[PDB]
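Enquirer: Submitted below is the structure of interest, expressed as structure tokens.
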Amino acid sequence: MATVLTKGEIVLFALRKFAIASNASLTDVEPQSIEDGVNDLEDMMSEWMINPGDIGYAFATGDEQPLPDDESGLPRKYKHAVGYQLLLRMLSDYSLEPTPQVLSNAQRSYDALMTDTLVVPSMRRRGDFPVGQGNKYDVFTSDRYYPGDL
Amino acid sequence: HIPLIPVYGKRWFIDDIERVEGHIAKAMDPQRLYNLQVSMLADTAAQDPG
């Protein structure tokens with residue numbers, strides 16, 4: 001994609017959005033808070049394979065370790081949602097509580113992500129339900145009664 | 001003459017093809033829909049008695 005999201009960029013976004021490590025609040029950044037953040041992101045993405053479903057995350061192949069310089073594989077349309085969810089999960093490390101505006105932003109981004117993965121399964125006919133004489137089950141098609149399976 | 005004697009219920013000649021009809025072809029759809037209605041009611045009734 002456009003510039004390719006790395007796993008370190010997402011955790012830096014989350015750290016910046018609450019004024020923990022950025023150049024436009026005071027100063028500073030730590031190296032352990034990065035490994036902790038990246039591991040938290042990996043575990044979150046593992047969990048998301050259940051409720052929100054797969055979104056294309058690129059996991060580490062074999063054991064090794066994630067490393068912040070690895071390519072995430074996510075489209076750029078998801079970074080705000082992922083970053084806000086990660087910030088919500090990792091706020092309590094520093095003993096902080098989110099403000100209402102942060103919660104509102106997180107909910108809006110999550111809703112945008114949810115809208116892009118809908119299915120609406122569209123239930124089918126049963127299998128003992130007849131198909132009428134009107135569509136000529138003898139000659140044109142075969143098998144009067146719907147299959148309703150496959 | 002050919003010694004075969006055909007008997008028809010109702011016979012017409014529509015599009016280069018002879019077409020016949022008995023007395024039950026018209027009632028297939030309502031009958032096999034009534035059967036489905038009864039079968040679907042029976043087990044729904046039997047699922048939750050009280």
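Following the order of the structure tokens, chains are lettered A, B, ..., residues in each are numbered from 1, and ligands are numbered from 1.
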Counting only C-alpha atoms, give me one row per residue of chain B with an atom at most 8 Å from an atom of chain A, showing the shortest contact pair and its distance in Å to one decimal, sorted by chain then residue number, as CSV.
Expert:
residue,atom,partner,partner_atom,distance
B:29,CA,A:132,CA,6.7
B:32,CA,A:130,CA,7.5
B:33,CA,A:130,CA,7.4
B:36,CA,A:129,CA,7.5
Enquirer: Can you write out the residues you just picked, keeping N, CA, C and O atoms, as a short mmCIF file (atom, residue, chain, number, x, y, z; two decimals), in the first residue's frame?
Expert:
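Produced file result.cif, reproduced below:
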data_model
loop_
_atom_site.label_atom_id
_atom_site.label_comp_id
_atom_site.auth_asym_id
_atom_site.auth_seq_id
_atom_site.Cartn_x
_atom_site.Cartn_y
_atom_site.Cartn_z
N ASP B 29 -49.89 -28.76 -7.46
CA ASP B 29 -49.27 -27.75 -6.60
C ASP B 29 -50.03 -27.53 -5.30
O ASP B 29 -49.40 -27.57 -4.23
N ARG B 32 -49.42 -30.75 -2.95
CA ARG B 32 -48.09 -30.88 -2.37
C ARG B 32 -47.67 -29.66 -1.58
O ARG B 32 -46.61 -29.67 -0.96
N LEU B 33 -48.48 -28.60 -1.59
CA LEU B 33 -48.25 -27.50 -0.66
C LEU B 33 -49.02 -27.71 0.64
O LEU B 33 -48.52 -27.38 1.72
N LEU B 36 -47.00 -30.05 2.80
CA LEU B 36 -45.91 -29.36 3.48
C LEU B 36 -46.43 -28.58 4.67
O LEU B 36 -45.80 -28.55 5.73
#
Enquirer: Would you mind listing what lies within 12 Å of residue A:46 as a count of residues only, with only C-alpha atoms counted and same-chain residues fewer than 4 positions away left out?
Expert: 15
Enquirer: Between A:138, A:70, A:116, A:149, which residue has the minimum interatomic distance to residue A:10, considering only C-alpha atoms?
Expert: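 Checking each candidate against residue A:10, we get A:70 as the closest.
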Enquirer: Near stretch 77-89 of chain A, within 12 Å and counting only C-alpha atoms, which residues show up once chain neighbours fewer than 5 positions away are dropped, as JSON, numbers by chain?
Expert: {"A": [1, 2, 4, 5, 6, 7, 8, 9, 10, 11, 12, 13, 14, 15, 16, 17, 18, 19, 20, 36, 37, 38, 39, 40, 41, 42, 43, 44, 45, 48, 52, 55, 56, 57, 72, 94, 95, 96, 97, 98, 99, 100, 101, 102, 103, 104, 105, 106, 107, 108, 109, 110, 111, 112, 113, 114, 115, 116, 117]}
Enquirer: Any chance you can output those residues with C-alpha atoms as a tab-separated table (two decimals), in the first residue's frame?
Expert:
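For reference, out.tsv as written:
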chain	number	residue	atom	x	y	z
A	1	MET	CA	0.00	0.00	0.00
A	2	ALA	CA	0.81	3.71	0.16
A	4	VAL	CA	3.39	0.40	4.36
A	5	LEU	CA	2.51	0.30	8.06
A	6	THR	CA	5.16	-1.22	10.28
A	7	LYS	CA	4.38	-2.70	13.67
A	8	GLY	CA	6.36	0.05	15.39
A	9	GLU	CA	4.44	2.88	13.77
A	10	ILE	CA	1.17	1.65	15.27
A	11	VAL	CA	2.56	1.57	18.82
A	12	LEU	CA	4.18	4.99	18.35
A	13	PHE	CA	0.80	6.35	17.27
A	14	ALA	CA	-0.83	5.00	20.43
A	15	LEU	CA	1.92	6.39	22.65
A	16	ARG	CA	1.65	9.81	21.01
A	17	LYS	CA	-2.13	10.10	21.12
A	18	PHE	CA	-2.17	10.24	24.93
A	19	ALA	CA	0.95	12.40	25.45
A	20	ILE	CA	3.30	9.72	26.75
A	36	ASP	CA	5.72	-4.40	25.64
A	37	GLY	CA	3.55	-2.50	23.18
A	38	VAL	CA	4.47	-4.69	20.23
A	39	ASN	CA	3.77	-7.88	22.17
A	40	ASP	CA	0.43	-6.45	23.29
A	41	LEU	CA	-0.39	-5.67	19.66
A	42	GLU	CA	0.48	-9.22	18.63
A	43	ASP	CA	-1.75	-10.73	21.32
A	44	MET	CA	-4.61	-8.38	20.41
A	45	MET	CA	-4.35	-9.36	16.75
A	48	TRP	CA	-9.23	-10.51	16.92
A	52	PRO	CA	-14.07	-8.99	14.55
A	55	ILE	CA	-8.41	-8.31	8.69
A	56	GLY	CA	-5.15	-9.36	7.06
A	57	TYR	CA	-2.61	-9.06	9.87
A	72	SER	CA	2.17	-5.31	9.59
A	94	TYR	CA	1.01	3.76	33.32
A	95	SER	CA	-1.96	4.02	35.71
A	96	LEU	CA	-4.07	6.38	33.61
A	97	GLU	CA	-7.73	6.60	32.69
A	98	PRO	CA	-9.14	7.68	29.33
A	99	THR	CA	-11.09	10.87	28.87
A	100	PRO	CA	-14.56	10.79	27.29
A	101	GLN	CA	-13.37	12.25	23.98
A	102	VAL	CA	-10.82	9.46	23.56
A	103	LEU	CA	-13.54	6.88	24.18
A	104	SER	CA	-15.77	8.56	21.60
A	105	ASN	CA	-13.00	8.55	19.00
A	106	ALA	CA	-12.24	4.90	19.70
A	107	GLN	CA	-15.89	3.94	19.28
A	108	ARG	CA	-16.23	5.86	16.01
A	109	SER	CA	-13.12	4.26	14.52
A	110	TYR	CA	-14.22	0.80	15.64
A	111	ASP	CA	-17.63	1.33	14.04
A	112	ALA	CA	-15.97	2.33	10.78
A	113	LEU	CA	-13.94	-0.89	10.91
A	114	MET	CA	-17.05	-2.96	11.68
A	115	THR	CA	-18.95	-1.47	8.74
A	116	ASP	CA	-16.30	-2.70	6.29
A	117	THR	CA	-16.55	-6.39	7.18
Enquirer: Can you tell me, as a ChimeraX atom specification, which residues in chain A count as alpha helix (DSSP H) by DSSP?
Expert: /A:7-17,32-47,79-90,100-115
Enquirer: Which distance in Å separates atom CA of residue A:145 and atom CA of residue A:126, to one decimal?
Expert: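 Calculated distance between atom CA of residue A:145 and atom CA of residue A:126 is 9.0 Å.
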Enquirer: Calculate how many Å separate atom CA of residue B:30 from atom CA of residue B:49, rounding to one decimal.
Expert: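 Atom-to-atom, atom CA of residue B:30 and atom CA of residue B:49 are spaced 29.4 Å apart.
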